[PDB]
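Just one chain follows, in the form deposited in one PDB entry, and it is written as structure tokens.
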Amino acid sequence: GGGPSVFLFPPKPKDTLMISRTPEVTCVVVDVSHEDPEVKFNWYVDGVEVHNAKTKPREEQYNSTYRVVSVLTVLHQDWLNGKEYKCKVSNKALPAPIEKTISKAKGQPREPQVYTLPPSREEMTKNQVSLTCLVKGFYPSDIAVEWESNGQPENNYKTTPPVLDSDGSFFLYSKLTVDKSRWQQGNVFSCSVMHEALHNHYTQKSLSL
């Protein structure tokens, strides 16, 4: 059972689109042995080696193996402009070093269309009702959705993963659950969407009775 495995993960969509946030690429090594626990990371950006990565302490798994993680902070504009990030992993158990590369999805971006849908007439028999946000026609699939009311974040919502539509674009739905009385009182709710093809990477649509 010798030989660790490497996986490379992209930044979160919101982290790359908001300047106040910090996007990072994550290199994860699994099946590291107790006999061969030392792992070395070399990072490259468009083939040029960089040295600002931070390596996390090793963690033991239920199957008695180690898990080792290295995190590289990236510039927003570098990720968005399509630079490639490469992680090279060395461990004694490996016959040769393992290399992985990732970058942003390629292709011409398309701006999301955002629609809000009120609760069904059928649902008003319940104590709580569902507010719906439909987001469609966007590319690539990297996107974030949030809800607000009265200048405060709403927390009781869930968003589906992006789904490939027939025309090659993506869509999703987000569902916010609220007390019926808040809806009937005429409070205004807002669906916030973040995507690279939007002006200022941001748009908001409101929903009220």
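All residue numbers are counted from 1 along the displayed sequence. For clarity, a rigid core is taken as the largest C-alpha set superposing within 1.5 Å between two forms.
Separately, the form deposited in another entry exists; it is not shown, and the next lines address it.
- Relative to the superposed core, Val29 shifts its CA atom by less than 2 Å between this form and the one not shown.
- After superposition on the rigid core, the Cα atom of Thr55 is displaced by less than 2 Å between this form and the one not shown.
- Core-superposed comparison between this form and the one not shown: CA of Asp78 displaced by less than 2 Å.
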